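Engineer: need coordinates for the below:
(chains A and B, ligands or ions: 3)
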Amino acid sequence: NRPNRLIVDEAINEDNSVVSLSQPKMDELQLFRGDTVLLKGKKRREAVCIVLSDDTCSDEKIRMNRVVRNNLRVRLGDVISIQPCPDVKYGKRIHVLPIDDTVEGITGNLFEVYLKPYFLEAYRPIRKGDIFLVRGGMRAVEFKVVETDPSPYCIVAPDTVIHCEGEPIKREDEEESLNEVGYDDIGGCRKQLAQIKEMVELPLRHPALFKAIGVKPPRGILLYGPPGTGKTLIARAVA
Amino acid sequence: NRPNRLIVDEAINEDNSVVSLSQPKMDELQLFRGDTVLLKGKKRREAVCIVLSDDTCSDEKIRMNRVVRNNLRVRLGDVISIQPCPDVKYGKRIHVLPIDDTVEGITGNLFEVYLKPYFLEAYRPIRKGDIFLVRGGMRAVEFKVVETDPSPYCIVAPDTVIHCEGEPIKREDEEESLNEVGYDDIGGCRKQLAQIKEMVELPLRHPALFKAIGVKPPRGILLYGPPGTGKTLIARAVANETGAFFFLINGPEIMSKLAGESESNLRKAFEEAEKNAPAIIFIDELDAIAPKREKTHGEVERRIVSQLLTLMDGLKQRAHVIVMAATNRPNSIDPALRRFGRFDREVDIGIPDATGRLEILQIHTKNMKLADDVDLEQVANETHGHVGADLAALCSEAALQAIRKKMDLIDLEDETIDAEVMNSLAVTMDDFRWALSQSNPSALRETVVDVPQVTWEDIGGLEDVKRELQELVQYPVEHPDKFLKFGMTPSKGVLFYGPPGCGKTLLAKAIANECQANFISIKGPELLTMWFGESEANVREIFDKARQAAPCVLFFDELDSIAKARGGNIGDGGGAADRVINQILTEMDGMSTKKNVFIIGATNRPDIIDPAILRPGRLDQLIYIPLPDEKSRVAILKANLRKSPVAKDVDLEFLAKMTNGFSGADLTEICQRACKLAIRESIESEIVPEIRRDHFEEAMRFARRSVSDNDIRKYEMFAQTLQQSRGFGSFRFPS
Ligand SMILES: Nc1ncnc2c1ncn2[C@@H]1O[C@H](COP(=O)(O)OP(=O)(O)O)[C@@H](O)[C@H]1O
Ligand SMILES: Nc1ncnc2c1ncn2[C@@H]1O[C@H](COP(=O)(O)OP(=O)(O)O)[C@@H](O)[C@H]1O
Ligand SMILES: Nc1ncnc2c1ncn2[C@@H]1O[C@H](COP(=O)(O)OP(=O)(O)O)[C@@H](O)[C@H]1O
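Structural biologist: Residues are numbered from 1 along each chain as shown, chains lettered A, B, ... in the order given. Ligands and ions are numbered 1, 2, ... in the order given. The relevant structure is shown in the block below.
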């Protein structure tokens, strides 16, 4: 059954480039703990991150964060093929710049405030064309890789230096804005959010499944609770 | 009279090619049991099937299924000529293909999934041009015969092989779609569906009969019941199975229009169906159409109500249309529509029982398969407060959860699903039990009507009372001649008084199962709710519900509950009269004594009962239930220990002896406590599967009698005062 494809799931860690996998799952690939793992999903984009350890997730699934889901253009309930890449790679020339939608109203240097306390003692394989978000400065800032040395063989290292011009770019509709709501913005609602997740996944992720079969999917989903609980937040996140 | 033509009827078997006939009917044709029978109806189509045996259908009729009715283009209430055909015929070349309306979204092979497990060891004479439906793959699939070897002399056999091209065809309006509703989609509704069947057959199947005669057929047929019972399902089935045009009028659809247009829609909805006579006009809901009870608001609402009223009584024959309506709340209809000529027939359909609910599960799961450990008998017991629509959602959720459990890690990234996996998808107990927890019943506050399954074998002792009850409610209903000849009226009701716990509720429940009648139970707090709420008019609906549900029995538990709430033995500044019992007394005077209804009153304090109910015409028969004796207590325990297998060393005859003031209910908690010990010790020793003697010995320490010792003499002194059979011992005459 080609045991190299796993189903995605929401991550429990607050870090950006972290992949959560179980101990029994990790030995099936015959791989080590501290390394770089390559992820191939759909839409001919690739993703490489750092794999971690888990012990309570499931029998066979992958837990990946929201920022790394945007690079692969994949969503919850989708299958992705994972393959290892045990090769040593460094970085020589890195050219990145943020988008004006998040750096509008910010002056001064853009290196010692967001680029230095982000990549220190991290060793993250930043791939070309990836979009990552940095948290700090009591606001949300996201960057993008425009051009660099030809990928692969690109990892941020202290030997290389970062340079930026200063002018932003214009984004398109191909990528999804990280400022929108998601599954990581819901707290406390664990038992009740799962019912909505399972009631909506089938009739949306597989529209053709219900079109052929005669099973009647639920139409109306009425929400309750005192004002301010987040009924609109859940409705927007599940969409 | 050419005894070869029989009337059609619905089949009771779930098989497709089965013809049901009685044993006396079968010898009239001089034919054998296992063979092929030829049926000739109308429209120059023929049909051949396999005849079976029956013993409870009728004197002379044929019972045939719905799929075989479509081939002959015949409906219920039609005559068909049957003739035998004793000739051996085989099959050589068969070419069949389904229609795209049912195989849209299915890929893979179409032979080993639906054609092989359909014709094996069957030997069905499939005729050319016939349409048959196959059930499987958790969906409905139907095929059709396009061309083959020239009929007759065509029977499917293992020697021949089946071939299919792959491209579908396009159907026409000549054949009726099997995906529509029918008479086989109704479960539990047996007594009430027959009234609609007989009320609609004559004015639709024979429109010319009523056109020549002056008999006035019923026009309006109002439907009742909580939402989800299937009022629309019945309305569509009776229109599809009678060949009449069905028109659906939604409640909010009229209201969604602006001023004037909503008025025009109702007017234009009548002559449109008039030209297509016969026709049936159905109204979805009437709460949002004519809520003229306390609204008294809006200028267009009254205009719409009056337009509907004028369109009701304005049907001066002309066509042969029958108008039907459905309302969930019987009390939410204006009396103007209830007048004669608009709505004179009322049908009240209630929540089905366990037997009725099991048929709903069988109906809604006929297209899907189930595992061997899957039984629908258990799920029909815990869903006591579920409506017929709740079971459809329950089975749909059970089917859906299977996909999320078995088709979660597969991730078949395909544009169209296959059939070799969908058929193999089975549903187990773990799928249904999860759906039971998530299901929320929508009908748990209304008064449910059910026939209890308790018989006289479950009541221990009290043999003297049973004969008195069997001789009071069963003779006037089954020997009316001896009551009409003497001219003396039967008794109205009976009163049960005595110490609590003797099982007065069981006596009322057992008499309902023997008489094959309904049973309505009212508890104590149900009466106090109206007394505290200052609304005594709610009992009128309770009385009216029992009337239409004939035959029925009425039960009133602890009628003295209101008297105890105002002082009890000491009473208060007033008398023994209140407002709840006043309405019951007023309604018992106006109720018809000729109906198959009965009222049973239960009480435990006869000293506080209002004497206004004992005077002749309301309640005269008083039955006293004394304390159980030693010989009667053995039977109580024997009947109680029937649900759970017990050992042989349990000497119940000994337990009967030391029990002196223990009532019938005083022994149930003893058995419950003894049974709890077995579970406790099994779970404790898990880290044996039979009840032991020592369990009953331990339960004797907590033997608490619910009745005291001072009130025992009060019942005896009351009974001896009421009877007083002293003085006149034995008198004789000199000659
Ligand atoms: N459970 C929650 N978790 C995170 N944020 C929340 C939650 N509930 C409410 N909020 C925040 O409160 C703001 C207002 O929410 P609101 O529209 O009032 O929710 P609702 O429509 O359910 O009352 C939103 O912008 C949302 O970010
Ligand atoms: N007694 C029943 N037997 C079979 N199916 C039923 C029954 N009652 C309801 N259903 C199913 O429930 C669905 C919804 O019915 P609904 O329109 O709510 O009935 P009503 O209009 O009487 O409330 C229908 O598609 C029908 O198939
Ligand atoms: N004579 C009897 N035979 C068998 N079981 C009895 C008898 N009397 C009472 N019970 C059991 O005791 C239980 C409680 O009855 P209860 O409601 O106290 O009766 P009542 O309302 O007449 O006092 C019932 O479930 C019934 O099974």
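Engineer: run through the residues that contact residue A:167.
Structural biologist: Shown in contact with residue A:167 (Cβ atoms under 8 Å, 6 or more residues apart in numbering or on different chains): residue A:97. Every residue, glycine included, has its C-beta placed from N, CA and C.
Engineer: can you get me a residue count around the closest residue to residue A:137 other than its chain neighbours?
Structural biologist: Nearest residue to residue A:137 in three dimensions, chain neighbours excluded: residue A:113, at 6.5 Å (Cβ to Cβ, 6 or more residues apart in numbering or on different chains). The local packing of residue A:113 (other Cβ atoms under 10 Å in any protein chain shown) involves 15 other residues.
Engineer: and residue A:113, how far is that from residue A:107?
Structural biologist: Distance of residue A:113 to residue A:107, computed by Cβ to Cβ, to the nearest Å: 11 Å.
Engineer: gap between the helix or strand containing residue A:71 and the chain center?
Structural biologist: Element membership for residue A:71, per DSSP states H and E: helix A:66-72. The chain centroid and the centroid of helix A:66-72 are separated by 3 Å under Cα atoms, centre = their mean, to the nearest Å.
Engineer: what's it in contact with?
Structural biologist: Counting by Cβ under 8 Å, 6+ apart, A:8, A:10-11, A:16-17, A:39, A:41-43, A:45-47, A:49, A:75, A:80, A:127, A:129-133, A:175-176, A:178, A:182-184 sit against helix A:66-72.
Engineer: among the residues you listed, name the buried ones.
Structural biologist: Using 16 or more other Cβ atoms under 10 Å in any protein chain shown as the burial test, those include A:8, A:10-11, A:16-17, A:39, A:41, A:46-47, A:49, A:80, A:127, A:130-133, A:178, A:182 as buried.
Engineer: inside helices: which ones of the residues you listed?
Structural biologist: Assignment to helices by DSSP state H places none of the buried ones among the contacts of helix A:66-72 there.
Engineer: sec struct for the residue in chain A sticking out farthest from the centre, please.
Structural biologist: In chain A, the greatest distance from the average C-alpha position (Cα atoms, centre = their mean) is reached by residue A:214, at 35.8 Å. At residue A:214 the chain is in coil, as set by DSSP: H, G, I helix; E, B strand; the rest coil.
Engineer: tell me how far it lies from residue A:61.
Structural biologist: Using Cβ to Cβ, residue A:214 is found at 30 Å from residue A:61.
Engineer: again, but for residue A:197
Structural biologist: Distance, residue A:197 to residue A:61, using Cβ to Cβ: 14 Å.
Engineer: with residue A:130 instead?
Structural biologist: 23 Å.
Engineer: my guess is residue A:164 meets residue A:111, correct?
Structural biologist: Yes. With contact defined as Cβ atoms under 8 Å, residue A:164 reaches residue A:111; the gap is 7.3 Å.
Engineer: out of those two, which sits in the busier spot?
Structural biologist: Taking neighbours as other Cβ under 10 Å, residue A:164 and residue A:111 compare with residue A:164 leading, 15 against 12.
Engineer: okay, and the beta partners of the spatially closest residue to the residue farthest from the centre of chain A that is not a sequence neighbour?
Structural biologist: Distances taken as Cβ to Cβ, 6+ apart place residue B:139 nearest to residue A:214, at 5.6 Å, with adjacent residues excluded. Here residue B:139 sits in beta bridges with residue B:136, as judged by DSSP bridges.
Engineer: need the contact list for residue A:98.
Structural biologist: Contacts of residue A:98 by Cβ under 8 Å, 6+ apart are A:110, A:141, A:142, A:143, A:144, A:168.
Engineer: in CSV: those residues, plus distance to ligand 2 and neighbour count.
Structural biologist: Below are the contacts of residue A:98 laid out as CSV (distance: Cβ to the nearest ligand atom, whole Å; neighbours: other Cβ atoms under 10 Å in any protein chain shown):
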residue, distance to ligand 2, neighbour count
A:110, 62, 17
A:141, 53, 19
A:142, 49, 21
A:143, 54, 22
A:144, 52, 16
A:168, 56, 15
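Engineer: going by distance to ligand 3, which of these wins?
Structural biologist: Within the contacts of residue A:98, proximity to ligand 3 (Cβ to the nearest ligand atom) peaks at residue A:142, which comes in at 68.9 Å.
Engineer: surely the closest one touches residue A:135?
Structural biologist: No. In this structure, residue A:142 is not within contact of residue A:135 by Cβ under 8 Å, at 9.9 Å.
Engineer: which residues do the two both contact?
Structural biologist: Common neighbours of residue A:142 and residue A:135 are not found (criterion: Cβ under 8 Å, 6+ apart).
Engineer: distance between the ends of stretch A:220-239?
Structural biologist: Distance across stretch A:220-239, first residue to last, is 15 Å (Cα to Cα, to the nearest Å).
Engineer: just stretch A:24-41 next, same as before
Structural biologist: End-to-end distance for stretch A:24-41, by Cα to Cα: 23 Å.
Engineer: ok and the residue in chain A nearest ligand 3?
Structural biologist: residue A:191 (36.7 Å).
Engineer: neighbours around that residue, how many?
Structural biologist: Residues near residue A:191, counting by other Cβ under 10 Å, number 7.
Engineer: residue A:227 now?
Structural biologist: Other residues close to residue A:227 by other Cβ under 10 Å number 5.
Engineer: that older thread, quick one: the residue nearest to residue A:137 from chain B, how far?
Structural biologist: Applying Cβ to the nearest Cβ, to the nearest Å, the value for residue A:113 to chain B is 43 Å.
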